[PDB]
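In: this one's a deposited entry, sequence included:
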Amino acid sequence: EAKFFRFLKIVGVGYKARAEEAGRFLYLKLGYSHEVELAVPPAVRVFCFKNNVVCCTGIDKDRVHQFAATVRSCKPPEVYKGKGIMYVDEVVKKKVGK
Amino acid sequence: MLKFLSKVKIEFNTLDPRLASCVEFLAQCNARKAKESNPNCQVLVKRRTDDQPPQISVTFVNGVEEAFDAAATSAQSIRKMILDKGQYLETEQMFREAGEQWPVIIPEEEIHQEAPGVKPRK
Amino acid sequence: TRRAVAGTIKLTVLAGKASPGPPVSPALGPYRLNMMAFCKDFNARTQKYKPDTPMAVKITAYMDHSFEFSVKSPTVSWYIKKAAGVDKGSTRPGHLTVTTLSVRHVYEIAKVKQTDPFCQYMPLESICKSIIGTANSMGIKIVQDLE
Amino acid sequence: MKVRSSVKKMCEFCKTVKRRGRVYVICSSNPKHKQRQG
Amino acid sequence: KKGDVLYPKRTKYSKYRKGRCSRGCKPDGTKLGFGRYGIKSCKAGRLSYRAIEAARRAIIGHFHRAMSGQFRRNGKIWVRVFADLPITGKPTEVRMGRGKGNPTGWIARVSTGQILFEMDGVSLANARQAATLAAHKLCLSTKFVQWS
Amino acid sequence: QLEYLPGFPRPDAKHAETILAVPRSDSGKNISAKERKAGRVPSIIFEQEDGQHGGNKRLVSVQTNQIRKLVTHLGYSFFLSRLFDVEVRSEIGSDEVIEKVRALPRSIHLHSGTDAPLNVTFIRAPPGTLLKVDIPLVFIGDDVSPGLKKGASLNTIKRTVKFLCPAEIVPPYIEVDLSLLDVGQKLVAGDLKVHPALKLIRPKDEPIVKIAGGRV
Amino acid sequence: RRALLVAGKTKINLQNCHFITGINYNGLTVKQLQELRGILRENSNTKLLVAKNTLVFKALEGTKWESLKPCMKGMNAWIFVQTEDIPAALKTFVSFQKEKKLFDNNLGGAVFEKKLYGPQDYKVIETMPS
RNA sequence: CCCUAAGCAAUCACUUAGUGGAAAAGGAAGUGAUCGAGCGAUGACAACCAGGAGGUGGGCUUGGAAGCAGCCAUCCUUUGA
Ligand SMILES: [Mg+2]
Ligand SMILES: [Mg+2]
Ligand SMILES: [Mg+2]
Ligand SMILES: [Mg+2]
Ligand SMILES: [Zn+2]
């Protein structure tokens, strides 16, 4: 039974996520020509919802938080328009571009 | 703080000296930043002279009632545990709306299994 | 009440001249406020007062365009400069002197200032010493008795 | 990252942390305040 | 005096022996003579007149920006160290002995516990921070001293 | 008439400690360095009556932490214009009290670089004895002064005044009132409000503080 | 220093006092607090003070107002009344409450003659005059 | 200790940098020993909540400065602030 939970929000024009095999494989589309495949480790599963939200659900806190940061590290938020993957409660502070 | 509750019932004795936590929760729940966040949420204050101990009994949106020991636990600990249960309820509802079964079960043997590092792949 | 207070903006308008364009233009248009009903309510009360008097109006703006205002007496700088002499403040107050008022003008100005709608209970010593502190701040002299 | 021999805290959100035996100054507000002793 | 840069207008002799400066203390303790705060030395060594002028300029420029108006010159500075020893020097591409070289500058011999600067007419925090700014221009180790 | 008059300051009861000492058997830099390494300040207690032939001197050593605490809390000059109780016993923790006496700190030596105490001097001042005491000054009323209000700056010419004082009424400090001084004037040493039994050693026509005009 | 301030502030107010109450000032602003203080200062012979509960606790020791001890928790605005006319003392809060529509700020606890009446109990005693 | 003849010598403390086993001005505050001070059960510091006012938009400057471009003053009051 899962206890430790983490949520991620994806912001971007044409940026997409999809789970593949029982919540054990994660696939991502981040504007490249190819896609990004990550294998969710044991004790953690992944889920995708209809607000461009990715849920990391699991029983080991270390693996859950490490894998959530792993998914985040594929694309950090940019400072000029906030596009990328970020945490749900995380505030991204923008700046104007000359 | 007031997003997840539907009805709160506070009950206490006014001449009994353990009302500090319950009136502090009254201060927490009757603020200006609270009632604008849920206009539909209801508060219920009851006072009595007899010796029923001070209690906080709350309900949530999804029909779950929770009673707390307002005599011996502080209002801030109450405020932390209501949100600790509330976010679990929200996660349950967010999973249930999308068609996933709740609760999700993971075999409790993969804690012993070795895991390599997750390197992103093309 | 229960409405989410947005801002509290103040202004000074001469008495009787509540024509909503020279002071009631961009000052109230910056916060989406109306110009008709506030001016009607303003002209519906300054009929018993002397005109061309800088009456102070604080207006609490809202998100539902509702006006809940009280009317203040004209400014104590106006009351302590027009009952004294020239309306020009000093270049260096506290050291450079313009006018002089002894004991009496400040006291009756305090009596008039007591009519503020939330000054029902402040004592006259408090109001008089507040006006003395204002009098120190533009450079006018105060004495026991001018002769 | 600004690397120098005299790291300082230039505002109120700067923190000194010893990472791998080296002194770092990390800031949450201004990313121009990130310093490393060396 | 000579305005900013301090050295004697004339001397008895043009060239002086090197001497020793690495020793010497004030054998009776030190106390402030004019001011309320001051900067004194903890070590013994040499200071050049350019360094002394830079330290004095740093203190007066810190007071200039901290306090303005009629209190701008309320701060008073005393320089109690004076540079009156000429030092010499031979240029490049010269052999060892054909006399003694031309003078190049002036130094001051500073002992352990000698008061270099004295300050009055300012705040305690302004005096401490001006001492902090001035000690970064001197090669010796200095301490802030207070009247008591 | 050997008591402080009203309207005058008195020594504080916060800093009225007693100074503990143990005897010292020799003089010189060897035993001085040994006592300083062990954590004691060398000292001598002497009297006035026979300046030649020593002066009934006794060589003692006091505690560095206590002496440093007293100097830091009082100030250097304030410590030197105040009487103390000295209690000399044969050992630390012993009850064999050799001499309890009321004494003046005549001087204290501080290192010029590290400011650790190196030597304390005590002179026996029972009642009825005359001393030359250097009293610090305290300047008050600098917010009331019209000259300081007008932007003039303060020129403190002297900080301490030397007096001839009987032991019982030695003032800890002299309060100098600056309420009624405008630009141009100075206070001389004859304007100090002291006890009438104190005699001023310096001449009375010596300036103490002058308020000089600012740079217009 | 503030301990001495509020010790004096209660020592002056206890010189003619005959009953003591404490009001929950949750949601009251500065201007409405000043208006309550004004109404109860001109129209009656009462005084208002917001003070440290433990300091009033220590400053009422050794006095006949020693029974109060349960009723000093939370947000407390202490009202000290130097007069005897409790109908005019307690009907002013009724007029204040019904005029400015403030149900969140009520009278919790009062001390009269070594007794702590319930808030329901000091409702009939305002009906009896003199 | 072995290289290398003779002690993994005995008692009490300290460092975890291979410091020991090269180098300053300056920086950071790890780890001990000791002397004071300040606050503190009248409730401190960390934490959470709710206030944080009025004369007043203090005047001068000034297309505009209202606590926050610059100059002068920096007072007074209700208060728990
Ligand atoms: Mg000898
Ligand atoms: Mg061998
Ligand atoms: Mg090495
Ligand atoms: Mg080194
Ligand atoms: Zn920073």
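Out: That came through fine. Numbers count the residues shown, from 1 in each chain, chains lettered A, B, ... in the order given. Ligands and ions are numbered 1, 2, ... in the order given.
In: residue contacts, the residue nearest to the spatial centre of chain B?
Out: Nearest to the mean C-alpha position of chain B, counting by C-alpha atoms, centre = their mean, stands residue B:82 at 1.7 Å. Shown in contact with residue B:82 (C-beta atoms under 8 Å, 6 or more residues apart in numbering or on different chains): B:4, B:5, B:58, B:66. C-beta: built from backbone N, CA, C; applies to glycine.
In: give me the contact list for the longest helix along chain E.
Out: Of all the segments assigned as helix in chain E under DSSP state H, the longest by residue count is helix E:49-66. Applying C-beta under 8 Å, 6+ apart, the contact partners of helix E:49-66 are E:4-7, E:72, E:75, E:77, E:79, E:81, E:83, E:105-108, E:116-117, E:119, E:122, E:126, E:129-131, E:133-139.
In: quick one, which of the contacts of residue B:82 are buried?
Out: For these, a burial check counting by 16 or more other C-beta atoms under 10 Å in any protein chain shown picks out B:4, B:5, B:58.
In: assign the residue nearest to the centre of chain B to helix, strand or coil.
Out: helix (DSSP: H, G, I helix; E, B strand; the rest coil).
In: for the nearest residue to residue E:31 once chain neighbours are set aside, the count of nearby residues, please.
Out: Distance criterion C-beta to C-beta, 6 or more residues apart in numbering or on different chains; nearest residue to residue E:31, sequence neighbours excluded, is residue F:76 at 7.6 Å. Neighbour count for residue F:76, taken as other C-beta atoms under 10 Å in any protein chain shown: 17.
In: my guess is residue F:76 contacts residue E:148. True?
Out: Yes. The pair residue F:76 and residue E:148 qualifies as a contact (C-beta atoms under 8 Å) at a distance of 4.4 Å.
In: bridging residues for the closest residue to residue F:19 other than its chain neighbours?
Out: Ranked by C-beta to C-beta, 6+ apart and with sequence neighbours excluded, the top spatial neighbour of residue F:19 is residue F:86, at 4.9 Å. Counting by DSSP bridges, residue F:86 is bridged to residue F:19, residue F:101.
In: residue F:86 against residue F:97, yeah?
Out: No. Under the criterion of C-beta under 8 Å, residue F:86 makes no contact with residue F:97, lying 10.9 Å away.
In: and the residue nearest to residue E:31, what does it touch?
Out: Residues in contact with residue F:76 (C-beta under 8 Å, 6+ apart) are E:31, E:148, F:108, F:110.
In: just say helix, strand or coil for the residue in chain E positioned nearest to chain B.
Out: Nearest to chain B in chain E, going by C-beta to the nearest C-beta, is residue E:125, at a distance of 39.7 Å. Three-state call for residue E:125 (three-state DSSP): helix.
In: quick one, helices of the chain?
Out: Going with chain A. According to DSSP H, the helices that chain A contains are A:61-72.
In: um, chain G though
Out: Going by DSSP H, chain G shows helices at G:2-13, G:30-42, G:53-59, G:86-100.
In: dump the ones you listed into TSV; add mean neighbour count as well.
Out: Listed next are these as TSV, based on neighbours: other C-beta atoms under 10 Å in any protein chain shown:
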stretch	mean neighbour count
helix G:2-13	14
helix G:30-42	15
helix G:53-59	15
helix G:86-100	15
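In: ok, which of the ones you listed comes nearest chain A?
Out: Of all the helices of chain G, it is helix G:30-42 that lies closest to chain A, at 32.7 Å by C-beta to the nearest C-beta.
In: ok now that closest one, how far from the chain's centre?
Out: 13 Å (C-alpha atoms, centre = their mean, to the nearest Å).
In: same deal with stretch B:102-120?
Out: When distances are taken as C-alpha atoms, centre = their mean, stretch B:102-120 is centred 29 Å away from the chain's centroid.
In: give me the buried positions along it.
Out: In terms of neighbour count (16+ other C-beta under 10 Å), stretch B:102-120 has its buried residues at B:104, B:106, B:110, B:115, B:118.
In: got it, and stretch C:70-80?
Out: C:72, C:73, C:74, C:76, C:79, C:80.
In: same check on stretch E:2-20?
Out: For stretch E:2-20, burial by neighbour count (16+ other C-beta under 10 Å) applies to E:6, E:7.
In: what comes into contact with it?
Out: By C-beta under 8 Å, 6+ apart, the surrounding residues in contact with stretch E:2-20 are E:49-50, E:52-53, E:57, E:79, E:82-86, E:88, E:100, E:103, E:106, E:109.
In: tell me which two in the residues you listed are the farthest apart.
Out: In the contacts of stretch E:2-20, two members sit farther apart than any others by C-beta to C-beta. They are E:57 and E:100, at 32.4 Å.
In: of those two, which one has the most company?
Out: Neighbour count, other C-beta under 10 Å: between residue E:57 and residue E:100, residue E:57 has more, with 14 against 11.
In: gap between that one and ligand 5?
Out: Distance of residue E:57 to ligand 5, given as C-beta to the ion, to the nearest Å: 31 Å.
In: quick one: that residue and residue E:85, what's the gap?
Out: According to C-beta to C-beta, to the nearest Å, residue E:57 and residue E:85 sit 22 Å apart.
In: also residue G:119?
Out: According to C-beta to C-beta, residue G:119 stands 90 Å off from residue E:85.
In: ok, these two, which is more surrounded?
Out: residue E:85 (20 against 17).
In: which SS state does the closest residue to the more buried one other than its chain neighbours fall under?
Out: Nearest residue to residue E:85, sequence neighbours excluded (C-beta to C-beta, 6+ apart): residue E:107, at 5.1 Å. Recorded secondary structure, residue E:107: strand (three-state DSSP).
In: ok, what's across the strand from residue E:107?
Out: Residue E:107 has these beta-bridge partners by DSSP bridges: residue E:48, residue E:85.
In: what about it, how many residues nearby?
Out: 19.
In: just checking, it touches residue E:87?
Out: Yes. In this structure residue E:107 lies within contact range of residue E:87 using C-beta under 8 Å: 5.6 Å.
In: what's the end-to-end length of stretch F:92-101?
Out: 18 Å (C-alpha to C-alpha, to the nearest Å).
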